[PDB]
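Colleague: Just so it is clear, I am handing over my_file28.cif, which has mmCIF, C-alpha atoms.
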data_my_file
#
loop_
_atom_site.label_atom_id
_atom_site.label_comp_id
_atom_site.auth_asym_id
_atom_site.auth_seq_id
_atom_site.Cartn_x
_atom_site.Cartn_y
_atom_site.Cartn_z
CA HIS A 1 -31.21 29.87 35.01
CA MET A 2 -28.70 29.58 32.13
CA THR A 3 -29.48 27.33 29.12
CA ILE A 4 -27.00 25.23 27.14
CA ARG A 5 -28.58 24.88 23.66
CA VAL A 6 -27.27 22.14 21.40
CA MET A 7 -28.13 21.06 17.87
CA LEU A 8 -27.01 17.46 17.26
CA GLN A 9 -26.65 15.84 13.83
CA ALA A 10 -25.70 12.32 12.72
CA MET A 11 -22.24 12.71 11.18
CA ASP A 12 -20.58 10.38 8.69
CA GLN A 13 -17.66 12.70 7.82
CA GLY A 14 -16.71 16.24 8.85
CA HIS A 15 -14.09 18.87 8.01
CA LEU A 16 -13.86 21.97 10.22
CA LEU A 17 -11.76 25.05 9.44
CA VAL A 18 -9.65 26.00 12.47
CA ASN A 19 -7.37 28.90 11.35
CA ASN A 20 -9.80 31.12 9.34
CA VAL A 21 -7.84 30.30 6.17
CA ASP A 22 -7.32 26.75 4.87
CA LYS A 23 -6.42 24.33 7.69
CA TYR A 24 -9.21 21.77 8.27
CA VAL A 25 -9.39 19.15 11.01
CA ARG A 26 -11.29 15.95 10.37
CA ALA A 27 -13.79 13.67 12.02
CA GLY A 28 -15.35 10.40 10.92
CA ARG A 29 -18.62 8.82 11.94
CA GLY A 30 -20.32 10.09 15.05
CA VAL A 31 -22.11 13.27 16.10
CA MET A 32 -21.69 16.93 15.11
CA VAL A 33 -22.63 19.25 17.98
CA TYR A 34 -23.48 22.93 17.57
CA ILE A 35 -23.44 24.71 20.95
CA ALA A 36 -24.60 28.02 22.41
CA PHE A 37 -24.64 29.27 25.96
CA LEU A 38 -27.70 31.35 26.75
CA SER A 39 -28.79 33.53 29.65
CA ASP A 40 -31.43 35.80 31.19
CA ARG A 41 -30.27 39.09 32.71
CA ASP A 42 -31.06 37.61 36.14
CA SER A 43 -29.98 33.99 35.57
CA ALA A 44 -27.39 32.21 37.77
CA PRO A 45 -24.06 31.16 36.14
CA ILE A 46 -23.32 27.64 34.88
CA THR A 47 -21.28 25.64 37.42
CA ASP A 48 -19.05 22.65 36.68
CA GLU A 49 -21.72 20.25 38.02
CA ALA A 50 -24.17 21.78 35.52
CA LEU A 51 -21.67 21.59 32.61
CA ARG A 52 -20.93 17.93 33.44
CA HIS A 53 -24.67 17.30 33.60
CA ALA A 54 -24.99 18.66 30.09
CA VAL A 55 -22.17 16.42 28.86
CA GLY A 56 -24.03 13.49 30.45
CA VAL A 57 -27.14 14.34 28.46
CA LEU A 58 -25.04 14.47 25.29
CA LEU A 59 -23.33 11.11 25.98
CA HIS A 60 -25.91 9.05 27.96
CA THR A 61 -29.04 9.74 25.93
CA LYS A 62 -29.86 7.17 23.24
CA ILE A 63 -30.41 9.45 20.26
CA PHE A 64 -28.88 8.22 17.00
CA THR A 65 -29.39 5.04 14.92
CA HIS A 66 -26.38 5.25 12.58
CA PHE A 67 -23.43 4.29 14.83
CA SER A 68 -23.60 0.52 14.31
CA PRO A 69 -24.41 -0.43 10.68
CA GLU A 70 -23.51 -4.06 11.56
CA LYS A 71 -26.58 -4.30 13.88
CA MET A 72 -29.37 -6.59 12.69
CA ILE A 73 -31.96 -4.30 14.27
CA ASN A 74 -31.07 -0.60 14.54
CA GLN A 75 -32.16 1.11 17.77
CA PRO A 76 -31.15 4.56 19.07
CA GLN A 77 -27.83 4.28 20.93
CA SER A 78 -25.88 6.51 23.26
CA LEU A 79 -22.45 7.84 22.46
CA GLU A 80 -21.47 6.30 25.81
CA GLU A 81 -22.18 2.74 24.60
CA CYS A 82 -20.28 3.46 21.35
CA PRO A 83 -16.91 4.82 22.64
CA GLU A 84 -15.25 4.87 19.19
CA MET A 85 -17.67 7.32 17.56
CA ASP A 86 -16.16 10.75 16.83
CA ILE A 87 -17.61 14.01 18.16
CA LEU A 88 -17.19 17.29 16.30
CA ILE A 89 -18.09 20.39 18.36
CA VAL A 90 -18.79 23.71 16.72
CA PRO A 91 -19.47 26.91 18.68
CA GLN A 92 -22.66 28.44 17.27
CA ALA A 93 -23.72 31.23 19.62
CA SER A 94 -26.21 32.45 16.98
CA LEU A 95 -28.57 29.60 18.06
CA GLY A 96 -29.73 32.06 20.76
CA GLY A 97 -30.75 34.65 18.16
CA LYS A 98 -34.41 35.68 18.02
CA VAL A 99 -36.40 37.58 15.39
CA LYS A 100 -36.99 41.27 16.22
CA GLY A 101 -39.06 42.94 13.50
CA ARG A 102 -37.03 42.26 10.35
CA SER A 103 -33.74 41.71 12.12
CA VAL A 104 -32.20 39.34 14.66
CA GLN A 105 -31.33 40.17 18.27
CA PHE A 106 -28.77 38.27 20.31
CA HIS A 107 -29.69 39.51 23.81
CA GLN A 108 -29.94 35.90 25.17
CA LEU A 109 -26.26 35.16 24.29
CA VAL A 110 -23.78 35.07 27.19
CA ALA A 111 -20.91 37.56 27.01
CA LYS A 112 -17.89 36.65 24.91
CA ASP A 113 -15.46 35.79 27.72
CA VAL A 114 -18.07 33.84 29.67
CA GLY A 115 -18.91 31.86 26.53
CA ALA A 116 -15.23 31.28 25.77
CA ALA A 117 -14.73 29.87 29.29
CA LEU A 118 -17.83 27.66 29.22
CA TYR A 119 -16.98 26.43 25.70
CA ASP A 120 -13.44 25.56 26.65
CA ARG A 121 -14.63 23.80 29.83
CA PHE A 122 -17.32 21.93 27.94
CA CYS A 123 -14.85 20.66 25.32
CA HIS A 124 -12.44 19.58 28.10
CA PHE A 125 -15.19 17.57 29.84
CA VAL A 126 -16.13 15.84 26.56
CA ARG A 127 -12.48 14.94 25.87
CA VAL A 128 -12.20 13.47 29.38
CA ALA A 129 -15.46 11.47 29.07
CA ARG A 130 -14.23 10.06 25.74
CA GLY A 131 -10.81 9.05 27.08
CA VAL A 132 -8.85 11.47 24.88
CA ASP A 133 -5.11 11.67 25.61
CA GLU A 134 -4.99 15.45 26.03
CA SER A 135 -1.14 15.41 25.85
CA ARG A 136 -1.26 14.02 22.27
CA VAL A 137 -3.80 16.51 20.81
CA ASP A 138 -3.83 20.22 20.00
CA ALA A 139 -6.34 22.94 20.85
CA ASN A 140 -8.88 21.56 18.32
CA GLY A 141 -8.43 17.92 19.41
CA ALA A 142 -6.43 16.92 16.32
CA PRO A 143 -3.02 15.19 16.61
CA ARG A 144 -0.05 17.23 17.95
CA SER A 145 2.18 15.49 15.42
CA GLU A 146 1.00 16.57 11.94
CA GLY A 147 2.20 13.14 10.69
CA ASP A 148 -0.47 11.38 12.80
CA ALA A 149 -3.25 13.56 11.36
CA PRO A 150 -5.76 11.71 9.13
CA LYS A 151 -5.27 12.01 5.37
CA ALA A 152 -6.66 15.26 3.96
CA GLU A 153 -9.14 13.71 1.47
CA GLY A 154 -11.09 10.45 1.08
CA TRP A 155 -13.14 8.54 3.66
CA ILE A 156 -11.67 8.11 7.15
CA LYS A 157 -12.69 5.79 9.93
CA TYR A 158 -13.88 7.14 13.28
CA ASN A 159 -11.25 6.91 16.06
CA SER A 160 -12.73 8.12 19.38
CA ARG A 161 -12.03 11.76 18.44
CA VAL A 162 -13.26 14.91 20.12
CA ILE A 163 -12.67 17.64 17.55
CA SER A 164 -13.64 21.21 18.40
CA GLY A 165 -13.73 24.56 16.64
CA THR A 166 -11.48 27.47 17.51
CA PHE A 167 -13.64 29.77 19.59
CA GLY A 168 -14.32 33.14 17.93
CA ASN A 169 -13.21 31.88 14.49
CA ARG A 170 -15.30 31.51 11.33
CA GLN A 171 -16.48 27.88 11.35
CA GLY A 172 -15.90 26.84 7.74
CA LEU A 173 -17.48 23.41 7.34
CA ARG A 174 -17.80 20.40 5.08
CA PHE A 175 -20.33 17.90 6.43
CA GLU A 176 -21.54 14.51 5.09
CA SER A 177 -24.41 12.57 6.60
CA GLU A 178 -26.53 9.54 5.74
CA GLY A 179 -29.45 11.44 7.40
CA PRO A 180 -28.78 14.16 10.00
CA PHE A 181 -31.77 13.19 12.23
CA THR A 182 -31.27 16.57 13.80
CA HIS A 183 -32.09 17.04 17.47
CA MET A 184 -32.34 20.31 19.38
CA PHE A 185 -32.02 20.18 23.19
CA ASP A 186 -32.16 22.94 25.74
CA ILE A 187 -30.31 21.74 28.81
CA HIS B 1 -50.88 27.15 19.43
CA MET B 2 -48.69 25.12 17.08
CA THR B 3 -45.02 25.89 16.26
CA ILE B 4 -42.96 25.85 13.08
CA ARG B 5 -39.42 25.20 14.27
CA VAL B 6 -36.68 25.97 11.76
CA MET B 7 -32.90 25.66 11.87
CA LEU B 8 -31.26 27.95 9.30
CA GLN B 9 -27.67 27.67 8.05
CA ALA B 10 -25.58 29.70 5.63
CA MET B 11 -25.17 27.44 2.60
CA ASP B 12 -22.44 27.65 -0.01
CA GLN B 13 -23.21 24.31 -1.66
CA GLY B 14 -25.61 21.48 -0.94
CA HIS B 15 -26.46 18.00 -2.20
CA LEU B 16 -29.65 16.29 -0.97
CA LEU B 17 -30.56 12.65 -1.52
CA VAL B 18 -34.14 12.42 -2.85
CA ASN B 19 -34.72 8.70 -3.75
CA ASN B 20 -33.21 6.90 -0.70
CA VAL B 21 -30.49 5.48 -2.95
CA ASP B 22 -28.14 7.63 -5.08
CA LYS B 23 -30.00 10.54 -6.73
CA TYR B 24 -28.89 13.91 -5.35
CA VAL B 25 -30.36 17.31 -6.15
CA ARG B 26 -28.15 20.37 -5.86
CA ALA B 27 -28.21 23.88 -4.48
CA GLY B 28 -25.62 26.64 -4.58
CA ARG B 29 -25.21 29.62 -2.28
CA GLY B 30 -28.10 30.53 -0.04
CA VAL B 31 -29.82 29.08 3.00
CA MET B 32 -30.38 25.48 4.16
CA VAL B 33 -33.58 25.17 6.18
CA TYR B 34 -34.40 22.27 8.52
CA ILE B 35 -38.12 22.29 9.38
CA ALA B 36 -40.40 20.61 11.93
CA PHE B 37 -44.04 21.15 12.73
CA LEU B 38 -44.85 20.88 16.42
CA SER B 39 -47.97 20.77 18.49
CA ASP B 40 -49.58 20.56 21.93
CA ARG B 41 -52.45 18.09 22.39
CA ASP B 42 -54.80 21.09 22.66
CA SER B 43 -53.20 23.41 20.08
CA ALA B 44 -55.06 24.85 17.05
CA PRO B 45 -54.04 23.69 13.52
CA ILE B 46 -51.68 25.79 11.38
CA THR B 47 -53.70 27.75 8.79
CA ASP B 48 -52.52 29.06 5.42
CA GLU B 49 -52.15 32.59 6.80
CA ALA B 50 -49.89 31.26 9.57
CA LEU B 51 -47.85 29.17 7.05
CA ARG B 52 -47.40 32.27 4.87
CA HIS B 53 -46.47 34.27 7.95
CA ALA B 54 -43.75 31.75 8.64
CA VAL B 55 -42.48 32.03 5.07
CA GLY B 56 -42.38 35.82 5.55
CA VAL B 57 -40.20 35.42 8.63
CA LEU B 58 -37.84 33.17 6.67
CA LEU B 59 -37.60 35.57 3.69
CA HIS B 60 -38.01 39.08 5.17
CA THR B 61 -35.75 38.81 8.21
CA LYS B 62 -32.18 40.04 7.69
CA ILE B 63 -30.20 37.10 9.04
CA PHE B 64 -27.21 36.10 6.95
CA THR B 65 -24.02 37.97 5.93
CA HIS B 66 -22.63 35.65 3.21
CA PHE B 67 -25.00 36.35 0.24
CA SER B 68 -23.11 39.26 -1.31
CA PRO B 69 -19.32 38.80 -1.15
CA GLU B 70 -18.96 41.87 -3.46
CA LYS B 71 -20.30 44.19 -0.70
CA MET B 72 -17.70 46.57 0.74
CA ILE B 73 -19.37 46.35 4.16
CA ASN B 74 -21.21 43.09 4.96
CA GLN B 75 -24.50 43.49 6.86
CA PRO B 76 -27.20 40.85 7.50
CA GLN B 77 -29.51 40.66 4.48
CA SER B 78 -32.86 39.09 3.84
CA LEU B 79 -33.44 36.39 1.28
CA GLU B 80 -36.10 38.75 -0.11
CA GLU B 81 -33.51 41.40 -1.05
CA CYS B 82 -31.32 38.70 -2.61
CA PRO B 83 -33.77 36.92 -5.01
CA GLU B 84 -31.07 34.78 -6.69
CA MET B 85 -29.94 32.93 -3.54
CA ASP B 86 -30.90 29.27 -3.37
CA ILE B 87 -33.00 27.69 -0.62
CA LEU B 88 -32.60 24.01 0.36
CA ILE B 89 -35.43 22.73 2.59
CA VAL B 90 -34.99 19.53 4.58
CA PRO B 91 -37.79 17.99 6.65
CA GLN B 92 -36.37 17.31 10.15
CA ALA B 93 -39.26 16.44 12.43
CA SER B 94 -36.77 15.21 15.03
CA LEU B 95 -36.14 18.89 15.99
CA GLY B 96 -39.20 18.49 18.25
CA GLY B 97 -37.59 15.61 20.16
CA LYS B 98 -37.02 16.05 23.90
CA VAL B 99 -34.91 14.08 26.38
CA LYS B 100 -36.86 11.65 28.57
CA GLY B 101 -34.55 9.86 31.01
CA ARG B 102 -31.94 8.30 28.72
CA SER B 103 -34.10 8.33 25.59
CA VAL B 104 -35.85 10.79 23.28
CA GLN B 105 -39.63 11.31 23.10
CA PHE B 106 -41.33 12.82 20.08
CA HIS B 107 -44.73 13.66 21.61
CA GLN B 108 -44.54 17.32 20.33
CA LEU B 109 -44.36 16.18 16.65
CA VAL B 110 -47.50 16.57 14.54
CA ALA B 111 -48.91 13.41 13.02
CA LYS B 112 -47.38 12.11 9.80
CA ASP B 113 -50.15 13.14 7.39
CA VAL B 114 -50.58 16.56 9.01
CA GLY B 115 -46.83 17.16 8.72
CA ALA B 116 -46.76 15.90 5.13
CA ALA B 117 -49.52 18.42 4.26
CA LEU B 118 -47.92 21.36 6.09
CA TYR B 119 -44.50 20.50 4.59
CA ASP B 120 -45.87 20.33 1.05
CA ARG B 121 -47.80 23.59 1.52
CA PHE B 122 -44.76 25.30 3.05
CA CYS B 123 -42.49 24.30 0.15
CA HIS B 124 -45.14 25.49 -2.33
CA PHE B 125 -45.39 28.94 -0.66
CA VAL B 126 -41.59 29.27 -0.69
CA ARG B 127 -41.43 28.37 -4.42
CA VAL B 128 -44.13 30.98 -5.12
CA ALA B 129 -42.35 33.69 -3.09
CA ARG B 130 -39.12 32.97 -4.99
CA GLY B 131 -40.77 33.07 -8.44
CA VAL B 132 -40.08 29.42 -9.25
CA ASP B 133 -41.70 28.20 -12.49
CA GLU B 134 -43.52 25.25 -10.95
CA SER B 135 -44.21 23.77 -14.44
CA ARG B 136 -40.45 23.35 -15.14
CA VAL B 137 -39.48 21.68 -11.81
CA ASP B 138 -40.09 18.26 -10.24
CA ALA B 139 -41.28 17.32 -6.73
CA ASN B 140 -37.92 18.31 -5.21
CA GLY B 141 -37.70 21.60 -7.16
CA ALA B 142 -34.98 20.34 -9.52
CA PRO B 143 -35.37 20.62 -13.34
CA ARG B 144 -38.11 18.53 -14.96
CA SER B 145 -35.75 18.02 -17.93
CA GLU B 146 -32.72 16.09 -16.59
CA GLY B 147 -30.59 17.92 -19.20
CA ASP B 148 -31.19 21.27 -17.46
CA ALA B 149 -30.07 19.85 -14.09
CA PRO B 150 -26.80 21.31 -12.74
CA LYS B 151 -23.62 19.29 -13.25
CA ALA B 152 -23.26 16.49 -10.71
CA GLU B 153 -19.84 17.57 -9.30
CA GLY B 154 -17.79 20.78 -8.89
CA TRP B 155 -18.93 24.23 -7.79
CA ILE B 156 -22.24 25.54 -9.12
CA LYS B 157 -23.67 29.03 -9.05
CA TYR B 158 -26.88 29.82 -7.21
CA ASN B 159 -29.89 30.23 -9.53
CA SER B 160 -33.00 31.21 -7.52
CA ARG B 161 -33.67 27.57 -6.59
CA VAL B 162 -36.08 26.18 -4.05
CA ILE B 163 -34.92 22.61 -3.51
CA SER B 164 -36.79 20.41 -1.02
CA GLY B 165 -36.37 16.89 0.34
CA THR B 166 -38.79 14.07 -0.31
CA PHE B 167 -41.00 13.90 2.75
CA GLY B 168 -40.63 10.64 4.65
CA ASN B 169 -37.31 9.78 3.00
CA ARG B 170 -33.85 9.52 4.52
CA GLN B 171 -32.22 12.93 4.04
CA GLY B 172 -28.73 11.99 2.82
CA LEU B 173 -26.75 15.22 2.77
CA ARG B 174 -23.52 16.82 1.62
CA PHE B 175 -23.22 20.39 2.93
CA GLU B 176 -20.52 23.06 2.46
CA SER B 177 -20.49 26.37 4.28
CA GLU B 178 -18.08 29.26 4.83
CA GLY B 179 -19.60 29.54 8.37
CA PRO B 180 -23.10 28.19 9.07
CA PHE B 181 -24.08 31.04 11.43
CA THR B 182 -26.87 28.78 12.58
CA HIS B 183 -30.13 30.26 13.72
CA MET B 184 -33.03 28.48 15.41
CA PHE B 185 -36.47 30.18 15.29
CA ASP B 186 -39.75 29.01 16.75
CA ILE B 187 -42.47 30.66 14.70
#
Please, can you express the file's structure as structure tokens?

Modeller:
Amino acid sequence: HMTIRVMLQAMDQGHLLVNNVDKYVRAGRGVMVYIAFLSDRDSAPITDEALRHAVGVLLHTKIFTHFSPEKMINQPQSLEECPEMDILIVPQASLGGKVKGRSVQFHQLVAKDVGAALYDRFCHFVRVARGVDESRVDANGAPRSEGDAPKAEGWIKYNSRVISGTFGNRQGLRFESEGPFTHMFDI
Amino acid sequence: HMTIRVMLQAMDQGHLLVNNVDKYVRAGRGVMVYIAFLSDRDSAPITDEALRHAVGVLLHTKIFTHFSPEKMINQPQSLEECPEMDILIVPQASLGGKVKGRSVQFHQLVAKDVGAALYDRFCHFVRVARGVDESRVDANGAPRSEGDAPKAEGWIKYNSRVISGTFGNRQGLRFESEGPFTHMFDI
């Protein structure tokens, strides 16, 4: 079977480069997701029911403790129970890399076009589960009107965003966290 | 057997909170390493030869392509062949977390004192392999004289640093990357 590998970090602020040059899209407080789609030579392909299952694990699992600073007692919470948290998704296929002698081999990584399709589908499902108005956002989940985009510098509030990297691009990143509390799940 | 899980990211700049409040230590270009020590109930304890082996994997493997921007043709390079790159080590035991229903269980994580000992020993071996003058640095690998510390803001050059988080603290982070190219190795 095919594995969806994710690395999940507690995000306070993020900036992700989307055009390989100098255009960054922004997220506030929530979760930064690194994702890779992995495969055996003889593994069956990832269906929609399996992709949606993986989104459910991402959203339904109580993982992070930083969403609700106003809470008297902090417990792990799901993204689902905190609908306003932002999600920033970065394709990181290199998560499937393994050491081979003194180099790295990427034989577990799905082919480019398969990964592009799964990545696109996965970002769509997350947008839908977070109630994103897909007619008001661009390919990276940022506003279609540049005048609605968050300010370029200085702290911004979360706003139920689902921001995603441009597949196949260099994922230039600025990331701020009060404590990443990094999780790694194979799904 | 026990496992040293590491997540490795291409670092341009990093700031790591070391006192739970407002003191940050700095790294320039190199690699940011998240580390967890994992175990079965019936697994043997990690020896010094196995810790050193793990350091060898981190330093000898050609992984990253961002160390030498002056190179006409960029190939993966080892940290070993680029002695001036900085290393920023963050304890992230949560990497051993697994989904259990709608929560996370941490049953694979070594005990606190075992992890403290392995973490300390691992940071020591990295310092040694990078030629750090251990008499001129503090517990986090920053200068012992506060006047030799890098400037607090603005770009800084790499300088063969081995910076490491305070074990058991909250790992407040600011991270900049031209493309994290994230790897995940179980060693």

Colleague: When the cut-off is 6 Å and we count all atoms listed in the file, which residues of chain A are near chain B, given as a list in words?

Modeller: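 For chain A, the answer reads residues 61, 62, 94, 95, 102, 103, 170, 171, 172, 173, 174, 175, 176, 177, 178, 179, 182, 183 and 184 of chain A.
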
Colleague: Selected by the PyMOL selection byres ((chain A and resi 149-162) around 7) in the shown coordinates: which residues, as a compact mmCIF listing (two decimals) with C-alpha atoms, in the coordinates of the input?

Modeller:
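Here's the written file selection.txt:
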# COMPACT_ATOMS: atom_id res chain seq x y z
CA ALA A 27 -13.79 13.67 12.02
CA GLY A 28 -15.35 10.40 10.92
CA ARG A 29 -18.62 8.82 11.94
CA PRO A 83 -16.91 4.82 22.64
CA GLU A 84 -15.25 4.87 19.19
CA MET A 85 -17.67 7.32 17.56
CA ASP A 86 -16.16 10.75 16.83
CA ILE A 87 -17.61 14.01 18.16
CA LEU A 88 -17.19 17.29 16.30
CA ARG A 127 -12.48 14.94 25.87
CA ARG A 130 -14.23 10.06 25.74
CA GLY A 141 -8.43 17.92 19.41
CA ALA A 142 -6.43 16.92 16.32
CA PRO A 143 -3.02 15.19 16.61
CA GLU A 146 1.00 16.57 11.94
CA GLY A 147 2.20 13.14 10.69
CA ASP A 148 -0.47 11.38 12.80
CA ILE A 163 -12.67 17.64 17.55
CA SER A 164 -13.64 21.21 18.40

Colleague: Which polymer residues have any atom within 8 Å of an atom of residue 40 (chain A), counting only C-alpha atoms, with same-chain residues fewer than 4 positions away left out, as a ChimeraX atom specification?

Modeller: /A:1-2,108

Colleague: Kindly provide, as AutoDock Vina command-line options, the centre and edge lengths (Å, one decimal) of an axis-aligned box around all atoms of region 133-152 of chain A given in the file, with 6 Å on each side.

Modeller:
--center_x -3.3 --center_y 17.2 --center_z 15.0 --size_x 23.1 --size_y 23.6 --size_z 34.1

Colleague: Quote the spacing between CA of residue 31 (chain A) and CA of residue 9 (chain A) in Å to one decimal place.

Modeller: 5.7 Å

Colleague: Might you pull out every residue within 10 Å of residue 114 (chain A), with only C-alpha atoms counted and same-chain residues fewer than 6 positions away left off, and present them as a PyMOL selection string?

Modeller: chain A and resi 37+45-46+120

Colleague: Store the residues picked out above, limited to C-alpha atoms, as a short mmCIF file (atom, residue, chain, number, x, y, z; two decimals), keeping the file's coordinate frame.

Modeller:
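Written output follows (selection_29.cif):
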data_model
loop_
_atom_site.label_atom_id
_atom_site.label_comp_id
_atom_site.auth_asym_id
_atom_site.auth_seq_id
_atom_site.Cartn_x
_atom_site.Cartn_y
_atom_site.Cartn_z
CA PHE A 37 -24.64 29.27 25.96
CA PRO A 45 -24.06 31.16 36.14
CA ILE A 46 -23.32 27.64 34.88
CA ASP A 120 -13.44 25.56 26.65
#
